[PDB]
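Colleague: no sequence on hand, only this structure:
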Ligand SMILES: CCCCCCCCCCCCC/C=C/[C@@H](O)[C@H](N)CO
Ligand SMILES: CCCCCCCCCCCCC/C=C/[C@@H](O)[C@H](N)CO
Ligand SMILES: *C(=O)CCCCCCCCCCCCC
Ligand SMILES: *C(=O)CCCCCCCCCCCCC
Ligand SMILES: *C(=O)CCCCCCCCCCCCC
């Protein structure tokens, strides 16, 4: 049973009960129903709010990153034989804005990985099917300096080895926060400048940032040695919050995002023009 | 129920019970809790040690070998048409160091095999999908002298035939030790020189080594006959101990490994510089 | 339950039972155990022949 | 009331007794007292010999001197006792042998001397070699007998690649084996801190991955004594005081009798 | 033919998965266990054993037996700290290589109380009182005894019980701190000062070592397994 | 070898599906919740709070 | 469409595995056994029969 | 099983 | 089912 | 089945 | 360990409570799917967070 | 042969003991997954391996 | 038709009779896997096939 309340039949009124008048100064919304101000009939209501529960509002994989990684001969220049992405939902805007209807959240996270590849050169032979390693490096673990150094041994970090052409890879992660909920907004600093500090750099930190490394990084590489032709791949990462609880609602973002904080810069004019008396 | 103990509330003390003083000469660690030296409040403790059980500390596939094998025309020179790897966890360092927190262990072993291939030459046509045979050769069984001699008939040795592009192959092995636990450290020799020996070579053996062939070898080959273009593959082997018991803890390795024994050679200076009174 | 038989403890002997002598001419193998020719201790045997079944 | 203290102990085994009036209690390694092989853990089937009081008694090794520049000493068991009375004879006449031990380390000084020795009992104490060749220490050099060996402050690589010494080169802060000395406290141990005690007593069960093994090929325990804090006295620069190690086999049993093993040490 | 539909994740290999696989040597006669002394059930058991702290990592002392010795003497400047250290048990160079620091470096987060035990190795004729303190973070790191004594502290009287334990209570905003250094999850400061001074009679050494030990209390745990920076391998 | 037959849909990824997947950090000790004020159970709760209308969207 | 997820090991062939497979000649009328003398149940039964040792492997 |  |  |  | 629940049926075939079955295959609850059988609550903590909540027929300011 | 156990739930959906099911498919126990329902023990054999273990409030050397 | 049997456990996790389950999916018994629960026998038909079998302590030739 999840339907919304029925409309009650109500008739005329001539009385001292005045539900239509109120005082919004108190901070409260007037809980009127149509039968408080008009004559209504009885309606057996069958609509429900099944699709706007917190779980159903977030139950979608949303793209949060596109990581590019190449497989080609290791030259001496800067290449993309492995790539690292600092885990975040703030590199894209659509899931960021839905989470930021709330100040705090607690959820498990499902990651699904879609991998696509293409040739870049008209032809230097071909390539055999590629296997990708996606290694999670938590804050503090050694990060790779080359695509096949010892960190890729992954004895303790979790890795996914994905085979090209297989169904998108997928894993779940528990609520891994250091606090009892994730903070979508943190009004504070990680350091405080003290009067006895030797210089001003010592106590300086970014406004509203918490830890430095946050959740760590995903390091991606193609495990195969290079073919004669170069192959470029992109890994697209989709995040879906599941088993979701959220606290303290907020106005949604109304002007374009400008970085990982709440800063704004342009297009500060979200509303269009409309005459006061134009329908 | 697996949570750690609650903190008990405790107040002031003025007494002859002195938990803060002890004598570490006895060989014992003083079992104090914060309520022995400060006033504490009651805290209902919910943290647990679920992730540092011996099983969870080792429950990761760790890379222990990269075996290279080629498929090309059998020439008269030295080729890699089949490869052999002596089974060990000491060719890499990360899993070796975690096992060596303990002197003895008993576990079953899961092996997962990730196989990647690539072309080496710009083009001499292509290659059809390769099948790989990974044959286990226990100490004493005949070892292959060529990639298709009779030993590959594998009537009694176990083999895996892996098809390129399929999910990584995986098998489990029981506790196969000759003793009641595996020895991660053996302070001894396999032979003793006797006074009546004809020469000194007869009783000479390597310090801390036990059997010669240990667990045997994995022999890997591509089953396909060669294509006109050469194809190189690598088999990466991941070991995960499961159903783990361990005995007699040891200090972890603090300076680089130098071989399969405990020998050291360089970088014998693991600690950095820090002033005695610098925070 | 598939373990092999336990070794029985046995001590000294001075007797007319002579298990060490036999005649292989009969076509039979002498079914001796170590406790027929040496002093043995008791051993609870846990090995099995699981891997050499047909 | 009548006066028992964990500082005053008497140990009696066979025909030998030890007294100490300045102990710091005693350690039973891993909480396990020694014991004989149980029938359900037994493996060789022949009846074992158990010499009992003839071998399970205190043997005192040669005294070593602790001076201001001493870096430490190490012994392996059963090796340090290979020539001790009937324990050595039983060890060499039998293929297999098993034994636990009581180790009593003795070092007295005075109320005006200071210093602290760490006494560690290590299962499978593998030590590092002196050269580029790995696992190359020879049997005679790995097994010094009651003489034991010493630690060094630094890695001195044997360079006579012609007539290699094939010796261990145990560096002290690396516990002779590539780990940091400070973590050796995870092993059963006591400290003889001269202001507090003059002896350390540690009871060692047999520890191995097997119920019984070859005592000639394999040492089960190593004893490492290192100055955690160096010896000092009054204002003299060359104080020396003795350190004596007395060890008793416990629950010794041997299997596989035949002719005697005669190792080549020289 | 049971009708089936393959979901995302099919055919991947996650190195932390937990699945069954065929046994390659079936019906093997496994050697049964024996009761070896010294069995370990949880890695936190190793972090609860006191191991000696390399407190002295000055130039000439680090990586020698002297990194474990802190010199106390009857002529020390009584106003100066004997030692100062940050509570970053997996990161501060004095704590990161203790058995406690080596186990925490395989985990990303830690929480609980810790205890520091100090051993005096002077002669029996030496006496002294020492203040060892812990300042929860957020204020100026103690430079004098006067500031150090306003935080958690123990005043140690040297005597027949040779050693003294100070417990650093878990006092934290977050429920778990990071094992790397981060100001958001910083742990505070340990300092030590003379409360009176070392006093010795004549014919007694005027200098002596103090050794320090650290271990976890029974409320300590770690989580999120990760690789350590303390071992590597070159190509 | 249970005999199986793969149906249409096999190996697709629908972003609104709802399936299980292996946990990448097993046996993690999750921080328990505390009772934070302000919990929301349905997005329609937010549409029931009065918010001020920008009624005057004339030019200036 | 029972939702399924393929694990590592899928599609490999381990020569010591032990699985079912379709019978290629269904409903075949098998010849029943008879009691032949000499049945063996374990290879260790053969190692318990005395066989003669080639003790003299000198040159000639 | 458990119907709900 | 039939356990054995 | 056997719940635990 | 099968959980059986009722589906809320939308379009009906010309054929009642239709059920569906769920079994969790993993030990970690993070691996679980979402059950989407979610309860709701009262908006009052946002719409009427007043110390004296008054009835809508009475004057808001008395 | 299905074993049913409880999951230790971390994050909770706005929907109790959630269970999971396991069946072993192979005869050899080496093929089994890990149950990770692991008990712990007392560190005393390492932290206090003393013949006379004394109480922390009493003097260590008497 | 599920058969449930006990596994003979080799290495034990720090967590008893562990069981495994089998169902035959084919009508022809040749399709079945091997149960490997195999009994053994006495070697006597090979080691002592004598008409008068004598006891090992007695003389073989009387
Ligand atoms: C093999 C792949 C494993 C991938 C493991 C990823 C672990 C990290 C999951 C993080 C989910 C992040 C959600 C966002 C939280 C933030 O809002 C707050 N900054 C936390 O206070
Ligand atoms: C078809 C592939 C089959 C692969 C079969 C592999 C069999 C061998 C498994 C060995 C696991 C080794 C773990 C290490 C043990 C060592 O520590 C000790 N040296 C034993 O005393
Ligand atoms: C409750 O679970 C009672 C038994 C349900 C029987 C059907 C089980 C289907 C297989 C589940 C396997 C999970 C992974 C080993
Ligand atoms: C206990 O096992 C009771 C019955 C469980 C029924 C579901 C079985 C699912 C199939 C298992 C097949 C194993 C390999 C033949
Ligand atoms: C005995 O078999 C009782 C019922 C077991 C129920 C689980 C069956 C799993 C599917 C078997 C299908 C065989 C081929 C149609």
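Modeller: That came in fine, so what should we check first? Residues are numbered from 1 along each chain as shown, chains lettered A, B, ... in the order given. Ligands and ions are numbered 1, 2, ... in the order given.
Colleague: all the helices of chain K, residue numbers only.
Modeller: Counting by DSSP state H, residue ranges of the helices within chain K are K:44-47.
Colleague: so what's the residue count around residue 54?
Modeller: Looking at chain A here, since you left the chain open. In terms of burial, residue A:54 registers 25 neighbours under the definition other Cβ atoms under 10 Å in any protein chain shown. Backbone N, C-alpha and C define where each C-beta goes, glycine included.
Colleague: my question was about chain K, not that one.
Modeller: 16.
Colleague: how far away is the residue lying closest to it once chain neighbours are set aside from chain I?
Modeller: In space, not counting the residues next to it along the chain, residue K:54 is nearest to residue K:60; the distance is 6.2 Å by Cβ to Cβ, 6 or more residues apart in numbering or on different chains. The spacing between residue K:60 and chain I, counted by Cβ to the nearest Cβ, to the nearest Å, is 69 Å.
Colleague: three-state assignment of whatever residue of the stretch 1-150 of chain D ends up closest to chain I?
Modeller: When distances are taken as Cβ to the nearest Cβ, the stretch 1-150 of chain D approaches chain I most closely through residue D:40, which lies 27.2 Å from it. State at residue D:40, reduced to three classes by DSSP: H, G, I helix; E, B strand; the rest coil: coil.
Colleague: looks like it contacts residue C:42 (just checking).
Modeller: No - here residue D:40 lies out of contact with residue C:42, judged by Cβ atoms under 8 Å, at a distance of 9.2 Å.
Colleague: ok, residues contacting the longest helix anywhere in chain E?
Modeller: Longest among the helix segments of chain E by residue count, using DSSP H, is helix E:99-104. For helix E:99-104, contacts defined as Cβ atoms under 8 Å, 6 or more residues apart in numbering or on different chains pick out B:52, B:251-252, D:183, D:185-186, E:43-44, E:46-47, E:49, E:51, E:89-91, E:95-96, E:110, E:114, E:179, E:214-216, E:222, E:228, E:230.
Colleague: residue D:154 contacts residue D:173, correct?
Modeller: No - the criterion here is Cβ under 8 Å, and residue D:154 misses it with residue D:173 at 9.5 Å.
Colleague: ok, now which ones touch the closest residue to residue E:39 other than its chain neighbours?
Modeller: Spatial nearest neighbour of residue E:39, chain neighbours left out: residue B:247 (5.0 Å); criterion: Cβ to Cβ, 6+ apart. Each residue near residue B:247 by Cβ under 8 Å, 6+ apart is listed here: B:102-105, B:181, E:36-40.
Colleague: just to revisit the earlier point, which one of residue D:154 and residue D:173 is surrounded by more residues?
Modeller: Looking at residue D:154 and residue D:173 with other Cβ under 10 Å, you find the greater number of neighbours at residue D:173, namely 27 against 13.
Colleague: pop out the phi and psi values for the more buried one.
Modeller: phi -70, psi -10 (degrees, to the nearest 10).
Colleague: can you pull the contacts of residue 87?
Modeller: Defaulting to chain A. With the criterion set at Cβ under 8 Å, 6+ apart, residue A:87 makes contact with A:214-218.
Colleague: wait, I meant chain D there
Modeller: Residues in contact with residue D:87, defined by Cβ under 8 Å, 6+ apart, are D:51, D:55, D:59, D:78, D:81, D:99, D:249, D:252.
Colleague: need those in a markdown table (columns: neighbour count and distance to chain I).
Modeller: As requested, the contacts of residue D:87 are arranged in a markdown table below (neighbours: other Cβ atoms under 10 Å in any protein chain shown; distance: Cβ to the nearest Cβ, whole Å):
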| residue | neighbour count | distance to chain I |
| --- | --- | --- |
| D:51 | 18 | 51 |
| D:55 | 27 | 52 |
| D:59 | 19 | 58 |
| D:78 | 24 | 50 |
| D:81 | 24 | 54 |
| D:99 | 27 | 46 |
| D:249 | 30 | 50 |
| D:252 | 28 | 47 |
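Colleague: from these, pick the one nearest ligand 5.
Modeller: Distance to ligand 5 across the contacts of residue D:87 (Cβ to the nearest ligand atom) is lowest for residue D:99, with 57.6 Å.
Colleague: quick one: the strands in chain K?
Modeller: Per DSSP state E, chain K carries strands over the ranges K:3-6, K:19-22.
Colleague: nearest to chain J, of these?
Modeller: By Cβ to the nearest Cβ (comparing all of those), the closest turns out to be strand K:3-6, at 13.2 Å.
Colleague: check the strands of chain K for me and report the most buried one.
Modeller: Most buried of the strands of chain K, by mean neighbour count (mean count of other Cβ atoms under 10 Å in any protein chain shown): strand K:3-6, with a mean of 14.
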